[PDB]
Every structure is written in C-alpha cells, then in structure tokens.
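Structure first, commentary second.
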Amino acid sequence: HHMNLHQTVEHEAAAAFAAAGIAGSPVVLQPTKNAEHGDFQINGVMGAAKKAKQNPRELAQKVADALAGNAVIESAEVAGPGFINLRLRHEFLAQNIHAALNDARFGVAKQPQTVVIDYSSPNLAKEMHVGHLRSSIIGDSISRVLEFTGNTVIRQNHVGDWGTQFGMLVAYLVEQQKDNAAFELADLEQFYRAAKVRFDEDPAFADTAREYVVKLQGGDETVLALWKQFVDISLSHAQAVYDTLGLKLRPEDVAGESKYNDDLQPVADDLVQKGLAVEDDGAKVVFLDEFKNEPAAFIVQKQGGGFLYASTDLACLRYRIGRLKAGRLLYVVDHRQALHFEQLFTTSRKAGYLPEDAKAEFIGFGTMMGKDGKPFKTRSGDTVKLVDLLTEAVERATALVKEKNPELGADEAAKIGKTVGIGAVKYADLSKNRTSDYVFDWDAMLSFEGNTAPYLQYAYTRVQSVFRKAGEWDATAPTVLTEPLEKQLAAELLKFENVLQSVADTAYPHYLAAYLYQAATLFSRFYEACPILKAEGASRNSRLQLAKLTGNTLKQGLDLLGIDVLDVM
Ligand SMILES: NC(=[NH2+])NCCC[C@H](N)C(=O)O
C-alpha cells in the first residue's frame, strides 16, 4: 500500500525489454528533465543492443511497440538514437492519487537499518558556532527522513566536553564563585577569553590550571564535580538553541567525548598489536599509504601519553559498531574535517572496527559566509551569537508578516513570525547543496517569492483557503484527470516516496527542498489554468483531491525539513 513510482514504471519497461528480446538488460530508467518530453526516460537500449550488435534505433522502437496499450504508460516515443520517453497514463495517475488519499493503509513504504547519526556536536568550552548551527539543521532533517522511511535512528550529540582547556575553565570558575555565590555564566565566549587572560598573565593561575588538569585526568571526585558544573551550564546554552529551533535532538542523545576516555589506551594498544600503529619519536602513529602525497601520519597517542581527536573517534566508532550494532554511521560535520574522517574510516576498516558490510559516511557541509565571501561575522567583526541570530530572524519575520497582513494582532503576528523566521533559517540552509559554502542573506531568505520557506508556507495556507471556500466535497469520489496540468501535478505528487528515499540514501535534504518548490510552483500554475471553484461534478472534486494531496505533501515534506505550516497567516 504505497507508490514507488520509479519501480512501478521500471517493472513495465522490464517486461517490454523481455518482449523485445533483451530480457534482463538494465532498463536504466531516469526521470525526465522537461515534463514536455514525458515523465521518465529509458536509457538502457544502447547498452542492451551491444551484445548482439543489434540496431539500437530498431530495438528501441520494438520496446516502445511492446508498451502499446500498457496500463501504466500511455505513450512510449523513441528519441535520439535509442532513448524512449514515457508518459504516464491518466487513469493510472487518477487511481493512484485516489489511493494516496483514501487507502487508510497507504504510506511511504520502508530494510530497517540501524543508523547512528552524529550531528550538532558542539565544543562545550565555547558557545555553539554557526558551523554547529549548520550541522544541527542538516543533521536534524536527515534524521527525520531516515525515521520516516522506517530506519532505526540513534542520534548522538558528540559534545566536546574534555581536554586540557577545561583546567583553566575550572580554575576560573572557582575564582568567580568565591567572589559571588550567585554567579551566572552568561556568555561562554567572554568566560573563555577572561580565563585565557588569567592563564597568560598570571603564572600562579597557570600553575593552578595545570593542577586541575592533573586532577581531572586522575578522576578526583571534587574536581570532576566542578567540571560537571561547567559542562552542565554549557549544555544548557546549547539546549536553549535546540528548543528554539525545534530539533528532534534530545538530552538523552548527548554522548560526549569524555564517554570514551577509558577506551583510548585499549584502542592505541590494539592498533600497535595489529601492527597498524607504530612508534615514531615516542608517539603511536598510523601510517596510511592510501593518503600519500610519503604516507599520511594519523597520530593516535602522543609521546607523553596524551590522546587526540583521532583517538576518541576510533574508540567511539568501535562503540557505535560493536555496542550500538549500527549498520550505517553518518557524521554531519564541517567539510574542513574530511581528511580526519577518511583516515578514521580507513584505519577502522584495517583494524576490523568497521566490518566490510557496514557503511560509514562523511556528510560534509560548507562554510557559512557573509556577503563579502569571508566567514560569517557580525557587522563589527565579532563571533555571531546563535541566540541573537534566531531572535533576529523571528523579529524580522514578524515585521514582514505585519506588513503583509496589517490586520493581525500583535500576538498572532508574533506566533506567525516565529514559524516563518525559524523556518527561513532552516530552509535557506537546507535548500542549498550542503557541500557548498553558504552566504547568509536576510533579504534572500525572507522573500515571500521564489524558493524560500515563506513562499512554501504561504503556498500551504493558500491550499487551505481553497477548502475554506469550496464547501462540501467528497475525498472518496472517483478521480478523473482530463487536463495537461492536472496530469502533470498528479505525476509530481506521486514522486514523493522516491524523493524521500533519495534523501535517505544520499543524505542531501536539498533534493526534498527542490521537490517541494517544484510542486508548489506547479500547483500555482495548475490553479490558474484549471479553475477549481468554477468547476462542477467530477472535475471539481478531482481538482480538490489534487489540492488536498498537494497540501498534505507540502506539510509532510516541510515537516521533514523541520519547518512548520499554518492554517492561517
Ligand atoms: N564524531 C565527531 N567527531 N563529531 C564531530 C565533533 C565536532 C567538534 N566538536 C567540533 O566542534 O568541531
């Protein structure tokens, strides 16, 4: 009870191949670029013709002939040397639109892999930065799509909660609490800088900080409780941003780097025992011929015993495979760490930590930039505060929403403004290929036309306005499709499952954003060309069915991007 449109069409094409004497040859079915050519294109004829050295044009026409009268495909036309353009039959479209609305068991079908997805994952010594913002948003949408397609999704927020820098942070916290028992740590950036001033200016403070590191590494209960105080504060700052954004990431999903500290020396010793890590001036180093320039050096323990980012991620991968029983690992991380994860994966495969049938994927994203192409900063050049950025998005959207509808009350406008403003923060990121650098732009992201969250949100509200106007209708009535844009919109709506499965496979949410924008703009063309309220009979009811499924698909698709809709704006 679903529609995998690609598979349904491929099945008919495969039968036509068999009827044409090329049974078992790959169909190589692809969607069409322009719907003026049809809905799908068969690309496999040239390859199939190679075996018998057959004439490919004649073979393509034989396949097309075998599709005459097909229930799914109403026309099959040869193009180029031996491509075949397929147009879906309107009765097939109508029946499956009807089913998507009325079959109570209809859904997006689901191979329940266990997927551990690592995202957001801020360093706790400072505030969350705009790179962590990208990871939070991109990872949250991927995680939503994976759940919706039936995977077992384990979110892990790999917070940076351990390291020598916490020595000066703990020492500075102690000083600040001695001078005020009501001490509030408002800004982690200012706190961090102030502690470094003390560490750089005061040798007695630096000695004190180094002693706290000793006690932290030693597990001193008293110093660990001070560490936990700081970590809990920093986590609360992150959680307030998560709450504002409306993520699916929860406190129970936190799994900080400190979790793996007892595994670091076992991993290092294991790699030495397997001959993968070797001694290099007292350090333990993994040399990888795979990353030669001379093989790349992947240091797993320093000369004096200290561990590294690489050490923690090796231990953590072992845990995610061996204890969480993950079949697929996704790391949603700034693109500048690509080499770290490539070396992590290669080392883990050689060590047996990552089995041959497990997948591990670096889900990289580009740098957030200002309009000058330089990394994103405030007008005065300072680090962007995420809480300020999100407040600004909501304030900006609230002003625009009041401009568009001056009859909104202040409280109604503010509620709409939150949905539009946060929605735009997410969509302006997610609608771009994650791997590109991203220029932040208030004017672009808050435009009510073009490819933006407000455009799609207001598109949903316009669908709801149609139903406020239409009166009684019957979603269960037989569906008829007679006009070109009726049929084009139906075919687009039936692609939803395939789009979502593509995002699950590739971890590119911008494919879903692109689909929703195409669907909304096509709905608008349909609405102009095929009057709904002026229609009568089956035409009226079928156009209302199309509008209802459009609304449902916009709402569901936006939800999987983390974006909400409103019945009224
Ligand atoms: N398993 C991981 N290494 N996840 C990413 C951690 C990102 C790191 N905390 C940073 O701020 O850059």
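Each chain in the structure tokens gets a letter, A, B, ..., in the order shown, and its residues are numbered from 1; ligands are numbered from 1 in order too.
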
Where in region 22-65 of chain A does DSSP assign strand (DSSP E or B), given as a PyMOL selection string? chain A and resi 29-31+40-42

Residues as selected, N, CA and C atoms, written as an mmCIF file, in the first residue's frame, can you do that?
data_model
loop_
_atom_site.group_PDB
_atom_site.id
_atom_site.type_symbol
_atom_site.label_atom_id
_atom_site.label_comp_id
_atom_site.auth_asym_id
_atom_site.auth_seq_id
_atom_site.Cartn_x
_atom_site.Cartn_y
_atom_site.Cartn_z
ATOM 1 N N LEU A 29 16.297 3.424 -16.082
ATOM 2 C CA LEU A 29 15.181 4.368 -16.091
ATOM 3 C C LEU A 29 15.569 5.653 -15.368
ATOM 4 N N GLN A 30 15.286 6.798 -15.982
ATOM 5 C CA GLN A 30 15.580 8.088 -15.366
ATOM 6 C C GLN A 30 14.370 9.007 -15.463
ATOM 7 N N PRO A 31 14.157 9.889 -14.485
ATOM 8 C CA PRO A 31 13.155 10.954 -14.664
ATOM 9 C C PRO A 31 13.532 11.876 -15.817
ATOM 10 N N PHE A 40 9.292 9.798 -17.583
ATOM 11 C CA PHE A 40 10.509 9.012 -17.411
ATOM 12 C C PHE A 40 11.127 8.745 -18.779
ATOM 13 N N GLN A 41 12.400 8.378 -18.768
ATOM 14 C CA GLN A 41 13.122 8.071 -19.996
ATOM 15 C C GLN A 41 13.905 6.779 -19.792
ATOM 16 N N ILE A 42 13.755 5.837 -20.724
ATOM 17 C CA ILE A 42 14.557 4.604 -20.731
ATOM 18 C C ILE A 42 15.885 4.914 -21.406
#

Under the rule of at most 7 Å, produce a per-residue listing of chain A near ligand 1: chain, number, name, the closest pair of atoms, and the distance in Å, as a tab-separated table, using only C-alpha atoms and all ligand atoms.
residue	atom	partner	partner_atom_place_in_ligand_line	distance
A:118	CA	ligand 1	4 (N)	5.9
A:119	CA	ligand 1	4 (N)	6.8
A:121	CA	ligand 1	9 (N)	4.9
A:122	CA	ligand 1	9 (N)	4.5
A:123	CA	ligand 1	9 (N)	4.3
A:132	CA	ligand 1	11 (O)	6.9
A:158	CA	ligand 1	4 (N)	5.3
A:159	CA	ligand 1	9 (N)	5.5
A:160	CA	ligand 1	9 (N)	4.7
A:313	CA	ligand 1	1 (N)	5.7
A:331	CA	ligand 1	4 (N)	6.3
A:333	CA	ligand 1	5 (C)	5.7

Restrict the selected residues to N, CA, C and O atoms and save them as a compact mmCIF listing (two decimals), in the first residue's frame.
# COMPACT_ATOMS: atom_id res chain seq x y z
N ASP A 118 25.56 11.40 13.87
CA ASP A 118 26.35 12.28 14.72
C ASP A 118 26.16 13.70 14.18
O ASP A 118 26.59 14.00 13.06
N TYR A 119 25.46 14.55 14.93
CA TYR A 119 25.25 15.91 14.44
C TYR A 119 25.08 16.91 15.57
O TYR A 119 24.80 16.55 16.72
N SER A 121 26.88 18.45 17.81
CA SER A 121 28.17 18.11 18.41
C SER A 121 29.10 19.30 18.68
O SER A 121 30.27 19.28 18.31
N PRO A 122 28.62 20.32 19.43
CA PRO A 122 29.47 21.48 19.71
C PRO A 122 30.59 21.19 20.70
O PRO A 122 30.47 20.33 21.57
N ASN A 123 31.67 21.96 20.59
CA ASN A 123 32.69 22.02 21.63
C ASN A 123 32.15 22.84 22.80
O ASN A 123 31.75 24.00 22.62
N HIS A 132 28.22 24.65 13.86
CA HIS A 132 27.36 23.76 14.61
C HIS A 132 25.90 24.00 14.26
O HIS A 132 25.11 23.05 14.26
N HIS A 158 27.78 14.47 19.88
CA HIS A 158 29.16 14.15 20.27
C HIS A 158 29.85 15.40 20.82
O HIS A 158 30.75 15.98 20.20
N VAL A 159 29.39 15.84 22.00
CA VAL A 159 29.83 17.14 22.52
C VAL A 159 31.30 17.09 22.93
O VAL A 159 31.79 16.05 23.40
N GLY A 160 32.02 18.19 22.69
CA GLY A 160 33.43 18.29 23.07
C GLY A 160 33.53 18.75 24.50
O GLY A 160 33.51 19.96 24.80
N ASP A 313 37.71 9.38 18.32
CA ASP A 313 36.77 8.94 17.29
C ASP A 313 36.97 7.47 16.94
O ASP A 313 36.01 6.80 16.55
N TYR A 331 28.28 11.01 9.81
CA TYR A 331 28.91 12.09 10.58
C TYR A 331 28.65 13.40 9.85
O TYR A 331 29.20 13.62 8.77
N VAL A 333 29.36 16.94 9.57
CA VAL A 333 30.50 17.69 10.10
C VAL A 333 31.00 18.68 9.06
O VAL A 333 30.93 18.43 7.85

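Taking only C-alpha atoms, the non-local environment of residue 57 (chain A) within 10 Å (same-chain residues fewer than 3 positions away omitted) comprises residues 45, 46, 49, 54, 60, 61, 62, 78, 79, 80, 81, 82, 83 and 84 of chain A.
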
Produce a table with one row for each residue of region 272-336 of chain A that has an atom at most 12 Å from any atom of region 491-508 of chain A, each row naming the nearest atom pair and its distance in Å at one decimal; use only C-alpha atoms; arrange rows by chain and rising residue number; format as a tab-separated table.
residue	atom	partner	partner_atom	distance
A:328	CA	A:505	CA	10.8
A:329	CA	A:507	CA	11.7
A:330	CA	A:507	CA	8.8
A:331	CA	A:507	CA	10.5
A:332	CA	A:507	CA	9.4

Would you pick out the contacts of residue 348 (chain A) at 12 Å or less, using only C-alpha atoms, so that residues sharing its chain but fewer than 5 positions from it are not included, and give the list as a PyMOL selection string? chain A and resi 267+270-271+274+276-277+286+288+298+310-311+313-321+341-343+353-356+358-360
